[PDB]
Amino acid sequence: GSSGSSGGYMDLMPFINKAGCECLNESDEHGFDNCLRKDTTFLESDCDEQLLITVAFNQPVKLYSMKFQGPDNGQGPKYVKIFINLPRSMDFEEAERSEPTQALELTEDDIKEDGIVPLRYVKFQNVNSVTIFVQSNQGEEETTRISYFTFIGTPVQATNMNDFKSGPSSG
């Protein structure tokens, strides 16, 4: 159906394997999977900002950016360590001894309604498994609430498909 060239990445949501995903210190009442979609519950930590999020990609894609934010209360992740090409997963000790592939200090503008975290695709040229460990928050809160989480980018090599239409617009 026609064709065109423009800047339009994908959240890779449908490319994530929720069946192979893994969460650390996940609340009992709240799930770490409900914070993946915009329309769902939130993920509240029952300890502190020391939760981990594993992601298993069935196909090797490219992490050009990451959308990490929280609820509308004032609790969002700031200093998060990103890991890729892991042997299977990331723990609390393994996330401390070993350094992340990127790791950035998310700001209020990165965890807002349209917050965006520009990563370095140069390192995620081809990743099959990515993990994110929460260290600190925006205002050093006691806990980080996750509401929306995804990976912006594109597959290293896919077919000629089509999607993503309509959307908001401002002056």
# chains A, B, ... in the order shown; residues from 1 in each chain; ligands from 1
$ residues_around --residues "residue 110 (chain A)" --least-positions-apart "5" --cutoff "8 Å" --atoms "only C-alpha atoms" --output "MDAnalysis selection string"
chainID A and resid 67:69 115:117
$ write_last_selection --atoms "C-alpha atoms" --output "short mmCIF file (atom, residue, chain, number, x, y, z; two decimals), in the first residue's frame"
data_model
loop_
_atom_site.label_atom_id
_atom_site.label_comp_id
_atom_site.auth_asym_id
_atom_site.auth_seq_id
_atom_site.Cartn_x
_atom_site.Cartn_y
_atom_site.Cartn_z
CA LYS A 67 10.18 5.82 26.70
CA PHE A 68 10.43 5.60 30.49
CA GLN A 69 7.95 7.47 32.70
CA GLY A 115 9.08 12.00 27.63
CA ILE A 116 11.75 10.44 25.42
CA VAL A 117 15.15 8.92 26.17
#
$ residues_around --residues "residue 21 (chain A)" --least-positions-apart "4" --cutoff "9 Å" --atoms "only C-alpha atoms" --output "ChimeraX atom specification"
/A:16-17,33,53-57
$ write_last_selection --atoms "N, CA and C atoms" --output "short mmCIF file (atom, residue, chain, number, x, y, z; two decimals), in the first residue's frame"
data_model
loop_
_atom_site.label_atom_id
_atom_site.label_comp_id
_atom_site.auth_asym_id
_atom_site.auth_seq_id
_atom_site.Cartn_x
_atom_site.Cartn_y
_atom_site.Cartn_z
N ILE A 16 8.06 -7.44 21.61
CA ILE A 16 8.52 -7.88 22.92
C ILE A 16 7.85 -9.19 23.33
N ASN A 17 8.63 -10.09 23.92
CA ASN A 17 8.10 -11.38 24.36
C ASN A 17 7.71 -11.33 25.84
N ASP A 33 4.08 -5.85 34.23
CA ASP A 33 3.62 -5.94 32.85
C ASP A 33 2.53 -4.91 32.56
N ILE A 53 13.84 -4.70 35.27
CA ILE A 53 12.89 -5.05 34.21
C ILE A 53 13.60 -5.73 33.05
N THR A 54 13.28 -7.00 32.83
CA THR A 54 13.89 -7.77 31.75
C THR A 54 12.98 -7.80 30.52
N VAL A 55 13.58 -7.80 29.34
CA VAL A 55 12.83 -7.83 28.09
C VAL A 55 13.46 -8.80 27.09
N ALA A 56 12.68 -9.79 26.67
CA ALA A 56 13.16 -10.78 25.72
C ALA A 56 12.59 -10.52 24.33
N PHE A 57 13.46 -10.15 23.40
CA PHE A 57 13.04 -9.87 22.03
C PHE A 57 13.24 -11.09 21.13
#
$ select_by_dssp --residues "chain A" --states "strand (DSSP E or B)" --output "short mmCIF file (atom, residue, chain, number, x, y, z; two decimals) with C-alpha atoms, in the first residue's frame"
data_model
loop_
_atom_site.label_atom_id
_atom_site.label_comp_id
_atom_site.auth_asym_id
_atom_site.auth_seq_id
_atom_site.Cartn_x
_atom_site.Cartn_y
_atom_site.Cartn_z
CA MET A 10 8.32 1.87 16.55
CA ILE A 16 8.52 -7.88 22.92
CA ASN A 17 8.10 -11.38 24.36
CA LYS A 18 5.96 -10.90 27.47
CA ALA A 19 6.05 -14.68 27.89
CA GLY A 20 9.82 -14.56 28.22
CA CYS A 21 9.99 -11.30 30.17
CA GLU A 22 11.26 -11.23 33.75
CA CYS A 23 10.66 -8.80 36.61
CA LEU A 24 12.56 -8.39 39.88
CA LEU A 43 3.69 -0.78 38.92
CA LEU A 52 14.65 -4.55 37.55
CA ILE A 53 12.89 -5.05 34.21
CA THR A 54 13.89 -7.77 31.75
CA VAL A 55 12.83 -7.83 28.09
CA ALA A 56 13.16 -10.78 25.72
CA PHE A 57 13.04 -9.87 22.03
CA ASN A 58 12.22 -12.73 19.66
CA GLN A 59 14.07 -10.78 16.97
CA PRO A 60 17.24 -8.65 17.05
CA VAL A 61 16.17 -5.00 16.83
CA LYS A 62 17.82 -1.62 17.37
CA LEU A 63 17.20 0.46 20.50
CA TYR A 64 17.29 4.02 19.15
CA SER A 65 15.34 5.43 22.09
CA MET A 66 13.42 4.49 25.23
CA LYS A 67 10.18 5.82 26.70
CA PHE A 68 10.43 5.60 30.49
CA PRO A 77 12.59 6.84 37.41
CA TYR A 79 19.01 7.05 36.98
CA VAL A 80 18.36 3.75 35.21
CA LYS A 81 21.02 1.26 34.11
CA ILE A 82 20.42 -0.32 30.71
CA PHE A 83 21.82 -3.77 29.89
CA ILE A 84 21.89 -5.84 26.71
CA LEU A 104 21.34 7.83 31.52
CA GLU A 105 19.84 10.27 34.02
CA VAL A 117 15.15 8.92 26.17
CA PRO A 118 17.56 9.06 23.21
CA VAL A 127 20.13 -6.79 20.73
CA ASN A 128 17.97 -9.81 21.55
CA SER A 129 17.61 -9.21 25.29
CA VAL A 130 17.54 -5.89 27.15
CA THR A 131 17.19 -5.21 30.87
CA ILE A 132 16.64 -2.03 32.89
CA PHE A 133 17.58 -1.67 36.56
CA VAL A 134 16.01 1.15 38.57
CA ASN A 137 14.15 8.55 40.86
CA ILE A 146 6.05 2.62 36.34
CA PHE A 149 7.58 1.45 29.28
CA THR A 150 8.75 0.60 25.76
CA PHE A 151 11.68 0.66 23.33
CA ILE A 152 11.68 3.08 20.40
CA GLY A 153 13.53 1.99 17.27
CA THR A 154 13.28 -0.54 14.45
CA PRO A 155 14.17 -4.13 13.47
#
$ closest_residue --among "A:121, A:5, A:51, A:87" --to "residue 31 (chain A)" --atoms "only C-alpha atoms"
A:51
$ select_by_dssp --residues "region 49-155 of chain A" --states "alpha helix (DSSP H)" --output "list in words"
residues 94, 95, 96 and 97 of chain A
$ write_last_selection --atoms "C-alpha atoms" --output "compact mmCIF listing (two decimals), in the first residue's frame"
# COMPACT_ATOMS: atom_id res chain seq x y z
CA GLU A 94 25.15 -8.38 38.67
CA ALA A 95 23.62 -4.96 38.00
CA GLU A 96 26.09 -3.37 40.42
CA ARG A 97 29.35 -5.19 39.67
$ closest_residue --among "A:120, A:72, A:161, A:25" --to "residue 42 (chain A)" --atoms "only C-alpha atoms"
A:72
$ closest_residue --among "A:99, A:114, A:28, A:44" --to "residue 168 (chain A)" --atoms "only C-alpha atoms"
A:114
$ atom_distance --atom1 "CA of residue 165 (chain A)" --atom2 "CA of residue 40 (chain A)"
22.1 Å
$ atom_distance --atom1 "CA of residue 15 (chain A)" --atom2 "CA of residue 36 (chain A)"
12.5 Å
$ closest_residue --among "A:14, A:1, A:139, A:100" --to "residue 78 (chain A)" --atoms "only C-alpha atoms"
A:139
$ atom_distance --atom1 "CA of residue 122 (chain A)" --atom2 "CA of residue 156 (chain A)"
12.2 Å
$ residues_around --residues "residue 144 (chain A)" --least-positions-apart "6" --cutoff "6 Å" --atoms "only C-alpha atoms" --output "ChimeraX atom specification"
/A:49,75-77
$ closest_residue --among "A:113, A:123, A:70, A:136" --to "residue 85 (chain A)" --atoms "only C-alpha atoms"
A:123
$ closest_residue --among "A:35, A:47, A:12, A:103" --to "residue 148 (chain A)" --atoms "only C-alpha atoms"
A:35
$ decode --residues "region 38-131 of chain A" --atoms "C-alpha atoms" --output "PDB file, in the first residue's frame"
ATOM      1  CA  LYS A  38      -0.676   3.223  28.353  1.00  0.00           C
ATOM      2  CA  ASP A  39      -4.073   1.741  29.210  1.00  0.00           C
ATOM      3  CA  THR A  40      -3.493  -0.325  32.349  1.00  0.00           C
ATOM      4  CA  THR A  41      -2.580  -0.305  36.041  1.00  0.00           C
ATOM      5  CA  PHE A  42       0.693   1.032  37.443  1.00  0.00           C
ATOM      6  CA  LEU A  43       3.690  -0.784  38.924  1.00  0.00           C
ATOM      7  CA  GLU A  44       4.393   0.270  42.510  1.00  0.00           C
ATOM      8  CA  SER A  45       7.528  -0.882  44.332  1.00  0.00           C
ATOM      9  CA  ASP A  46       6.959  -2.602  47.675  1.00  0.00           C
ATOM     10  CA  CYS A  47      10.524  -1.834  48.757  1.00  0.00           C
ATOM     11  CA  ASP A  48      12.229   1.033  46.928  1.00  0.00           C
ATOM     12  CA  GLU A  49      13.715   2.230  43.638  1.00  0.00           C
ATOM     13  CA  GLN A  50      15.650  -1.017  43.208  1.00  0.00           C
ATOM     14  CA  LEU A  51      13.444  -2.930  40.769  1.00  0.00           C
ATOM     15  CA  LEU A  52      14.653  -4.549  37.546  1.00  0.00           C
ATOM     16  CA  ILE A  53      12.893  -5.050  34.212  1.00  0.00           C
ATOM     17  CA  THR A  54      13.887  -7.770  31.746  1.00  0.00           C
ATOM     18  CA  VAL A  55      12.829  -7.833  28.094  1.00  0.00           C
ATOM     19  CA  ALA A  56      13.158 -10.784  25.717  1.00  0.00           C
ATOM     20  CA  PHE A  57      13.042  -9.870  22.026  1.00  0.00           C
ATOM     21  CA  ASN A  58      12.216 -12.732  19.660  1.00  0.00           C
ATOM     22  CA  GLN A  59      14.066 -10.777  16.972  1.00  0.00           C
ATOM     23  CA  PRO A  60      17.244  -8.647  17.047  1.00  0.00           C
ATOM     24  CA  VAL A  61      16.172  -5.004  16.825  1.00  0.00           C
ATOM     25  CA  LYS A  62      17.816  -1.619  17.373  1.00  0.00           C
ATOM     26  CA  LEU A  63      17.201   0.465  20.496  1.00  0.00           C
ATOM     27  CA  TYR A  64      17.294   4.019  19.146  1.00  0.00           C
ATOM     28  CA  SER A  65      15.341   5.432  22.088  1.00  0.00           C
ATOM     29  CA  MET A  66      13.417   4.485  25.230  1.00  0.00           C
ATOM     30  CA  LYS A  67      10.176   5.823  26.704  1.00  0.00           C
ATOM     31  CA  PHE A  68      10.431   5.599  30.493  1.00  0.00           C
ATOM     32  CA  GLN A  69       7.954   7.466  32.696  1.00  0.00           C
ATOM     33  CA  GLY A  70       5.531   7.087  35.587  1.00  0.00           C
ATOM     34  CA  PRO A  71       2.093   8.049  36.945  1.00  0.00           C
ATOM     35  CA  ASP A  72       0.703  11.562  37.388  1.00  0.00           C
ATOM     36  CA  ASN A  73       1.551  11.739  41.091  1.00  0.00           C
ATOM     37  CA  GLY A  74       5.206  12.730  40.913  1.00  0.00           C
ATOM     38  CA  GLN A  75       7.124   9.457  41.066  1.00  0.00           C
ATOM     39  CA  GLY A  76       9.291   8.642  38.063  1.00  0.00           C
ATOM     40  CA  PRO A  77      12.594   6.838  37.407  1.00  0.00           C
ATOM     41  CA  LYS A  78      15.713   8.956  36.904  1.00  0.00           C
ATOM     42  CA  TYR A  79      19.006   7.055  36.984  1.00  0.00           C
ATOM     43  CA  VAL A  80      18.360   3.750  35.214  1.00  0.00           C
ATOM     44  CA  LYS A  81      21.016   1.262  34.113  1.00  0.00           C
ATOM     45  CA  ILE A  82      20.425  -0.324  30.706  1.00  0.00           C
ATOM     46  CA  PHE A  83      21.821  -3.767  29.892  1.00  0.00           C
ATOM     47  CA  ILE A  84      21.891  -5.843  26.707  1.00  0.00           C
ATOM     48  CA  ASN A  85      23.301  -9.083  25.298  1.00  0.00           C
ATOM     49  CA  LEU A  86      22.850 -10.544  28.781  1.00  0.00           C
ATOM     50  CA  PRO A  87      23.586 -14.237  29.467  1.00  0.00           C
ATOM     51  CA  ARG A  88      19.986 -14.729  30.590  1.00  0.00           C
ATOM     52  CA  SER A  89      19.015 -11.918  32.961  1.00  0.00           C
ATOM     53  CA  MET A  90      20.251  -9.243  35.366  1.00  0.00           C
ATOM     54  CA  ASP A  91      20.252  -9.489  39.162  1.00  0.00           C
ATOM     55  CA  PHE A  92      20.843  -6.982  41.962  1.00  0.00           C
ATOM     56  CA  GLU A  93      24.511  -7.897  42.385  1.00  0.00           C
ATOM     57  CA  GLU A  94      25.152  -8.375  38.667  1.00  0.00           C
ATOM     58  CA  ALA A  95      23.619  -4.958  37.999  1.00  0.00           C
ATOM     59  CA  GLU A  96      26.091  -3.374  40.416  1.00  0.00           C
ATOM     60  CA  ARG A  97      29.352  -5.185  39.668  1.00  0.00           C
ATOM     61  CA  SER A  98      28.839  -4.982  35.904  1.00  0.00           C
ATOM     62  CA  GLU A  99      28.352  -1.615  34.204  1.00  0.00           C
ATOM     63  CA  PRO A 100      25.399  -0.931  31.867  1.00  0.00           C
ATOM     64  CA  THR A 101      25.637  -0.462  28.100  1.00  0.00           C
ATOM     65  CA  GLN A 102      24.301   3.095  28.274  1.00  0.00           C
ATOM     66  CA  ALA A 103      22.713   4.282  31.519  1.00  0.00           C
ATOM     67  CA  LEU A 104      21.338   7.828  31.515  1.00  0.00           C
ATOM     68  CA  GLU A 105      19.841  10.272  34.017  1.00  0.00           C
ATOM     69  CA  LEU A 106      16.221  10.680  32.922  1.00  0.00           C
ATOM     70  CA  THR A 107      14.809  14.161  33.520  1.00  0.00           C
ATOM     71  CA  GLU A 108      11.334  15.600  34.085  1.00  0.00           C
ATOM     72  CA  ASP A 109      11.227  16.182  30.328  1.00  0.00           C
ATOM     73  CA  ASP A 110      12.116  12.539  29.691  1.00  0.00           C
ATOM     74  CA  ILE A 111       9.460  11.182  32.050  1.00  0.00           C
ATOM     75  CA  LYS A 112       6.666  13.569  31.067  1.00  0.00           C
ATOM     76  CA  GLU A 113       3.523  12.984  29.007  1.00  0.00           C
ATOM     77  CA  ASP A 114       5.764  12.744  25.943  1.00  0.00           C
ATOM     78  CA  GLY A 115       9.079  12.001  27.629  1.00  0.00           C
ATOM     79  CA  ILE A 116      11.747  10.444  25.424  1.00  0.00           C
ATOM     80  CA  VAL A 117      15.149   8.919  26.175  1.00  0.00           C
ATOM     81  CA  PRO A 118      17.559   9.062  23.208  1.00  0.00           C
ATOM     82  CA  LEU A 119      19.851   6.041  23.509  1.00  0.00           C
ATOM     83  CA  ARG A 120      22.898   5.044  21.461  1.00  0.00           C
ATOM     84  CA  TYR A 121      21.909   2.662  18.665  1.00  0.00           C
ATOM     85  CA  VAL A 122      25.642   2.388  17.991  1.00  0.00           C
ATOM     86  CA  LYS A 123      25.692  -0.027  20.929  1.00  0.00           C
ATOM     87  CA  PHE A 124      22.283  -1.631  20.406  1.00  0.00           C
ATOM     88  CA  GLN A 125      22.927  -2.272  16.712  1.00  0.00           C
ATOM     89  CA  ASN A 126      21.584  -5.770  17.369  1.00  0.00           C
ATOM     90  CA  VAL A 127      20.130  -6.789  20.733  1.00  0.00           C
ATOM     91  CA  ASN A 128      17.970  -9.810  21.552  1.00  0.00           C
ATOM     92  CA  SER A 129      17.609  -9.206  25.290  1.00  0.00           C
ATOM     93  CA  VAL A 130      17.535  -5.887  27.146  1.00  0.00           C
ATOM     94  CA  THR A 131      17.195  -5.212  30.872  1.00  0.00           C
TER      95      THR A 131
END
